[PDB]
Every structure is written in C-alpha cells, then in structure tokens.
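Included below are structure tokens for two forms of one protein chain, each presented in isolation as structure 1 and structure 2.
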Structure 1
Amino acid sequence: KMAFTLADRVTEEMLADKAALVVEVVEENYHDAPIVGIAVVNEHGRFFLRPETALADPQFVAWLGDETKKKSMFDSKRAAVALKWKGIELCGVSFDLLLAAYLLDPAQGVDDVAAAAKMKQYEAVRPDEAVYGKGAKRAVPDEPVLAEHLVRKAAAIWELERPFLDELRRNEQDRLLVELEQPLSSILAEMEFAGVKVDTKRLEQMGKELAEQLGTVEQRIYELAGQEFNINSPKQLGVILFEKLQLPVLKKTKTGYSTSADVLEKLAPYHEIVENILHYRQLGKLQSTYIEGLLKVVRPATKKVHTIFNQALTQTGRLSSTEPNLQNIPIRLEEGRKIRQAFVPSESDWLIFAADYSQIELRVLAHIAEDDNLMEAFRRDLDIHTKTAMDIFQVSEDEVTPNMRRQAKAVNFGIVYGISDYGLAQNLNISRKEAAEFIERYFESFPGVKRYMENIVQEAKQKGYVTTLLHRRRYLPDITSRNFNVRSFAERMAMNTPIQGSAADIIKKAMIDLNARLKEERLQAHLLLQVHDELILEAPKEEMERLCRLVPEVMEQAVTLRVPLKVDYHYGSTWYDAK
C-alpha cells in the first residue's frame, strides 16, 4: 500500500538536498540505452517522473549535477553512464545499495534492489525480472505498473540505507564503501563512457589474413586425420583422436574423452596432428572473439568500444569486464598479441601508457604472511618469478625467456595457493616425485608462507570468513564440511582470497589517488582500462615524461606495506607498442 505522485512536471519539492533516486535502464548493457522512467523519494514524498519531461527540465538537470544534493541509489554507475549518454552529468551520489550489499556479502550475488532488500527482510518491492520479464518477452510494462515499481525501488533504498550503513560500520567496512568503492564507481563510469578507439581497417585486414590461414591449417589437419571433421567439436575430435587414431586416453569428463590443451600437449609424442589442432583452436578463438566479436561491438561512428566494469561480481574484490572483455586480450603468443595493434589513442598525437604492478600478489603475501625471507627478497629488489624460472628450467638468469618467466609465474602462484604434487607434475610434465620434492624445498625457502597458509585455514574454520587489508570480507560456510572435495576447495579459497583481494584493494585505491593527482596537475591524460594489476591510460604525447614519474609513484604509494611496491611502465602508438 504505497502512495506516490505520478508527476507531469518537476516541482521544487522533488529537488531536496537528500533523496533516493532511481534512473531506470532496463537493458543489461546500459551504454546508449533508453532511460525508461525516474523515481524520487525524499522527506517531501514519493514521485515518478517521465524521462522526456524530467531530463529536458533545466532545474532537474541542475539538481542531478549538483554535488551538494545528495542521492542514494542502487548501481549508481549504470545511472551515471546512462545519463552521460543523454548528455547529463550526475553528481552527489552518497550511497550505493549495490556496493553496500556487495561488501556485506559478495556471495549473495545481489543484482537488484529486491535481492538487497531481502538481506533486511524488506519485501515491499518486486524483483526486476518479475516486472520486466525475460528473453524475448522482456518489456517495459504499462506506465502505472512501471511507476509503482520504480517508486517501490526508491522507497526501499530510502529505508534500507541506514540498516546497511549500520551493519557495514559494525563490520568496520563503512569507509571501504564511502572512501573506496563509491569514489571508484564514478571513476569506472568515466572510463567506460570514454571507451577505447579501435583501428577497424587494421583489425579487418588481420581478420581476412587469419581466415586464409585457418583454411590452410584446417586442410592440413584433415590430411593428417585422413578425414574431414569439425575440429571445434570436442565430441567429434575425441572420436578422431581416441577411436580412429587410437591415441591414449589420458582423461575423461562426464560427457566423454577430454581434448583439453593439457591433454593434447601430452599426446605430441604419439601423433603430430595434436600440435596442429592446438594451433587451429587458438587461431579460431582469435577470429571468433578478438576479431569478429570485437568488430560487432565497435560503435561505428566513433570507432570506440565501451566495456562494462562489473564492480559487484567477483568473490574476491576484483573487477570483471564484459561486452567486450578488455581484460583478456591476447598477449602470450606474438600471433595473438598483434590484436593489440588495433587498440589506438582516441586523438591524434596522443599515445597509450601502461603501468603494471611487479610481482604483486607475492609482495602482498610477503606483507600479510610476514615471511622474513620473502620480505627480504623484495627489499633486495629480487625477481622471484625469474629466480623460480632459473630453477625449474636449470638455466642462468640471462637465458630465461619471457615465456619461461611466465611459466614460473604459474608455478609460484600454484605452489603458494595450494597446488598438489599431482598438479605440479602434470603442469611441468615432470615426475610426481620430483614435483613433491620441489614443493617441499619451496616452503623450506618460505616457511612463514607455509605457517601463514596453515593458520589462515584454521582461522577461517573458526570464524567462518576471511578478510583483506582494507576489510573486504568473504564468507566460507563450506570450510568445515565433512566432505573432502567441498572442504578442500573452501580451504584453498581461504589461502587465496585474502591475498588476491588485498591486491584488488590496493589498485582500487591507486586509481582514486591517480585521478586526484591528474586533476590537480591539470593533465589531459585519463584512464582507459584496469586489468587487475595494470592501469592503461591515453594522453597527449607531450605528457609522457610526467606520466613516467607520476603514474608509477601514485601506484607504488597507494598503500604502505612492509615491503616496497614496484611498478613497470611503457608507452607507444598503440596498446601493442606499450611494452
């Protein structure tokens, strides 16, 4: 039973200095998406406004953009970006219920106001999907039904703010929300709306050449197989490998023979065709995802792509990137890495600038574990990825290739995060006995890491959750399970989540600090992407010198640990050349 005004025009009482605000965008991808309705709840009452009315009203636009007029919202980034596409600036967001719910418990997967409301037994609001429908049936409902929904969402935010803030405070997470996540949200909104420019001429030419290449590789595979088949079907491929060619079956899953890359690599001594197939599947992913998939989402008039950074999704505090994912662009193989040549500055005589934290989760672990040897390694500015490489490959520091260092990187993180002898052995294609002895020596080098991992598992059993440096939390209710697999996975989340999450806390803080410095120094430079422990910027070529000092400094000083933080940086004419 909820009264509200379906307003025909904006009135002064709608423009109070505190309000719950709903700016509704139904489409999952909110870039250039319709705003279908607006709701405002404040001390004076409850109001629904039509966007064509409200958004062309100069007082309402003024109010949206006035930082002293405070708004509580759910997913303020979605509203901010949708408004930027409407040419309107949103300021003064003081509470975001999505971010509040996320910090209280990321496992709730809260994706609408109703699911957040449930956390406090508030039920005077419906789920979005129940209002709009799903798939081909998704639609905006009749105005009265829409209006009531948006108003109930705003009223929920109005009533839920204090109970959420109260609980965050009890958890010592209120500052994490107000000083970190909420300011980051506005920064991500800027990055997403800016977008990254793409060289479509180059990408399309790449794609044409790649198609010819796939054809050649495909026919070679059919020749080796003695038959045509769909190489992109693990079922058909399994029949070829394990029935026609009679190769050993190393692994099965629930649907049939495994053809994972791990398995095919191990079959190379039996038939050369597995190497061709691995190459083919790489090339096919390049074409489907990083050529075709990317071209499909380029906005043609500006040649820009606009990702969405999901800030309330991952269980550790990382961001994710969708439609397109710009956090998994190829780099490890030169063939794939060339895609990066198609990511270019948005203005002429600008350049791309990239900065990456050195050995980040190993520095974080040194600090949190207080491992004397590892802490001293970072004080000696050593490279643990390179050192591990020299060992596993029996090679000098000068003969270690970037590829070797990449592999050693997975060995280091594998070991500290609980890899077994079976897994390490399968990884380095070495003897299981050899792998076990290697793990043993690793923890004899870093015994504090070992103690830390034993202890954090016990603490997680006792408390039911683990925490990061800035008080981010993950609950682990499975960790005392009688079941071995269920318990074991939970134990390994206790080992990993605090470290990966603390690293996420750090780069989030650096983005805030960096933008503040950019503004203070009046630089045109701005952030384009975050890639977990990297920041990618564009700026006039004349700003590179400054950035070379400023960016790494801000990143390195974002937090003070018991070890130095270190940042590598590069710049060039394209994302590829920023190395």
Structure 2
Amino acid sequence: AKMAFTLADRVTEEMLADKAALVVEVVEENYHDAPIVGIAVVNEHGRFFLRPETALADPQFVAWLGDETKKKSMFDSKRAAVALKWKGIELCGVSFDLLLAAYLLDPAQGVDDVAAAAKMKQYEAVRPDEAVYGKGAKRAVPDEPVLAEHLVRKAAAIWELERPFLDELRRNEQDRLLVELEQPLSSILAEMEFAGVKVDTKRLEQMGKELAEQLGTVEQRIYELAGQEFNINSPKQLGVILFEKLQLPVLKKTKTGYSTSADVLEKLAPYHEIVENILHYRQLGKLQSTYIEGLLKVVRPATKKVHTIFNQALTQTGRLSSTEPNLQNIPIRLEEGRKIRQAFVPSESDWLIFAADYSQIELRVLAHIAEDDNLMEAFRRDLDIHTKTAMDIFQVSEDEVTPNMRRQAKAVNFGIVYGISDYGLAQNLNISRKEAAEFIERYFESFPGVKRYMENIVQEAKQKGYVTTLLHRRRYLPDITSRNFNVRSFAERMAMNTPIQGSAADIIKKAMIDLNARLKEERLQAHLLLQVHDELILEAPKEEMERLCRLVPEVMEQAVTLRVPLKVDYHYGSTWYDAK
C-alpha cells in the first residue's frame, strides 16, 4: 500500500505512450450522458491522474485517446467508450479488457469491479469501488486525493494483471474468444447503445391512454365477479380471494403462500370465469407499468431515443442482457402487447426497420453437437422439426399430425433442450403425466444421439468440472456431484443446456462482427440497433432493403459452419411492429 503517482495539472508527453493501462471513471451505473469524474494512466514511465476538464479539453490527449496505434488496457472499456461518445470523443486502441477477460475465465464470479478481478490472481493492492464510493443514498465521489489514488490503483492493477489473465485464457484456449470475438463485439455494442432507438411518443402516449380505460373496465369486472374490491396486483390478497373466498382448489403453494402463477390460474378456468379476467388484467397492467410508463420515463425527450445498456459480462451462458430499459423483452406473443412495437421507429425519415431471426438455432446446435443422424437429416431436408417429432412420438404419418399433435411435439422439442421432466411437460401441456412420460421416452428412442449427448455431457461435467461451447466458452459446475438430488439435478440440466444456449450465443456474436465488417466494407448506411438472443434488428434507408435482404441472412447463416444448415428469416417495415 505504497503507490507513488503524479497528480498532474496538465497533460505531458510521457503520459501518451503507445501502451498504457487507462481508467476513464464513470461512477453512475447508467453511463449514458454521464459525467467522467477522473482519469488515470499507468505506463512504462509512471503513474498519472488527470482531471477530465483538463484532459478531455487537451487536443493532445484527445488525439491519443482516438489513436488506434496507442494501445490501452482497461476494465469495462464499453462504459468509457460510450461516456466519451456523449462528450464527443472517440476511444480507439483498446487491446485488453479485464472485465471481459475475467468474465470468460469464470462467469460465476460475477466480477463487476477491478478488485474482484484482481482477487482471481490474489492481487489486493486495490479497493472495491463500493468501498470508495459507498452505497445507495451514501454514494458519492470522494475528495480528489482519495479518488485519484483509487483510479491510479485500478490502472496499476490492470497493468499488472493483463499478462496473468491472458496467460490463463491462452492455457484455456480462450485467448482468441477474448481478442477476436468479445473485445470487437464490445465496440459494436458501444455503437448500438449510443445510437439508440427512436420512439414514437405520441403513439405510445395514445396507447397508454386507451390502456388505462381498458384496465379500469377489466378491473371493475373483476370486482363484480369477486363480489368485493381488492388489490389484484397483490398475489397475497388475490390468493385470499381465490382460495378462501371463492374456495377454488389450491394447486400449488410457494414459500410465502398460495401460488397465483399464470400456469395455476389457467388450470382454474373450469372453476370460475374470474381467473381469465385476472390474467388479462395482470397482462394489461404490465403493459401500462413497464412498456408505456417505464419506457416513457427513459426516453431522452429532445431526440426521442432510448439508449439501452447491453451487459456483456453478466449471463452464465454467454448471452447478453439488456437494461434501463430492457429492449430484449418487448412484447410480441399477444396482439395486445405486440402493438407496443409500433412505437419503435427509424431514427430518420424514409428509413425502415429490418429484423432478421435464426430459425430454431438451439435445435440445430443440438443436432450438430449430438451428431444425431435422424435430427441432422431432418434439418438437411428442412423438414418441419415439430411435425417430424410429432410423427415419431404419436407414431403417425405426416398427413395425420393434427395441429394439436404438433403443438405437443413443439413443447417436447423445446423442453428437451431445458431437460424438462414428465411432470413439467404434463403441466406445460396440461396433459396426462403418463402420456407426457411416454412422449419423452419416445423422443429419446427416435433421437438416440440426443439421448447419448445428454448422458455424455453430464459425464463430461462430472469429470472436468465444467462444460464448453463451440467457441470455447466455459461454465463451471461445481455442484454437479452434490449428493442432494435437487442441487445435483439442476447442475445436470445446466450441463445439458449450456453448450446449446452458449454456442447459439457464440454464433450470433460472431455474426454481428461479420455483419458490421460487411456493412462498412460496402459503405452502407444501415446499422445494428438491437440483438435479442437469436435476432438482429437494424435500421437503414429504404433504398438499402434489397441489399440487406440478401446480405444479412447470408452473413448470419455463414457465421459458423455446422453439420446442419443455419436458416435465417427476415422482414422489414415502417416500425418494429411492421417488420414481420
């Protein structure tokens, strides 16, 4: 705990070396248009702290930040990059991101500050951010000498930890996953977040006004049916109405009381008509609270854009997540909610939304990894995979598959990927459990390679302690040999599912990198707006639709080569709603 550093008043030349650890500190969790509170640089020549007002107005330092040949090691470079974009400054030459390095080494550690990464290599000459800034209403930037030391210690940590982290990644055969996939993707996500998505607020506000009316009507219908007013949004009060007043059967309990889950309420419809009304109300209520009000609260009013933050270092499987607002859970399944998408529009006149989605990428990945002959052959023929499973399960010709049979078979196909049990499948489909069990037993008899994969992958997890994806992402599963059935079983389902979900994540991430390259190469104005796990959303001048119709699916389908084809569907239109 004896670290010399220079608290500089102006920028000097020795601060602009062609390799440095750089800290551009943004303390607000949402870094969009957020203040930069301080800057640290550590390099061959020493350690430096700079005041943003100085350094970000210094044409020399700004030149250095944007010089691609001046290499920077950072932690969470996307945060710095975006915060600098809001200040009108370009950051290039980031060659190492410790956040992403830590994430690839072990997603379970939940590393979100430099101290937590440093802990992976027993480096303790740096403090947690929460310790320096405090939490909640106590959160605050400390006095300059304290801030400065903290920023410098974070930079010094990055400086000393780069080699050890790269050394383990390389030993794990994950170094390319970092340098050629995650770090390039970070820059692309930075572009997407900063560009944002334009919102039709007049349309959203009108929809909210009508929703309020409808909510009120449904609400009063519910009180009439219930014979009493209560808070419908309180599972506790609801549970009293349903299971005590109306004496409906109790199908499930949770740790706190009667369950009122959608699954449960659906099964109560043969008993009382009120449950259907209540489901409708809770649906409409979430629309109003989250997709009207919540969304309007985060729109930047002068530009009418919303700027999500894609968390790249959070999920245990390699997926992104999306926050403040979450733009990866915009309604689509019910027409009532789907119309929310009418409010998501192009950012320029005479532009259109272009949405491209992988068809059944998880099942194609399963087919590939399990190398199951019958499943691979179906995909090579582009036979409807749900129709095919229905034929095997029910043992019928293709022309005998009722839409109900296909409905059930779809539930089987997707459920196998999550390790569904017969209980779960019976409840999902609301069918006989004896029958549900027979569906699963017949599925594995028809796709024996999948059965072998599920057995082999759990054996692998037990022997190695972790499972891996196509592009060498890992997930450690230290509970896989627990003597406790629930704990062990959950870990076995993670072993089964993670190579599937995680490889699908790998593939779309690489597609984004390849797509951006192709877009720039061809000087197209089109650009990415969102990723939604197995979907990519873009906007572009209307003139460019013809090109994207060929280019986007092609790049997505060719991202990796599997033993089965990848297939991508696509649509475009005047709003996200219309891109279907």
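Only residues modelled in both forms are compared. Between two forms, the rigid core is defined as the largest C-alpha subset superposing within 1.5 Å. Residue numbering: structure 1 sequence, from 1.
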| item | value |
| --- | --- |
| Which entry of 226, 381, 549, 243 falls at the hinge, with the rigid parts compared between the two structures | 381 |
| Smaller-part rotation in degrees, where the chain is treated as two rigid parts between the two structures | 42 |
| Rigid-core-fitted C-alpha displacement of residue 411 between the two structures (angstrom) | 3.3 |
| Rigid core superposed, the C-alpha shift at residue 443 between the two structures in Å | 1.3 |
| Core-aligned CA shift between the two structures for residue 389 (Å) | 6.8 |
| Segments displaced between the two structures (3 or more residues, each Cα shift of 2 Å or more, core-superposed) | 385-411, 415-417 |
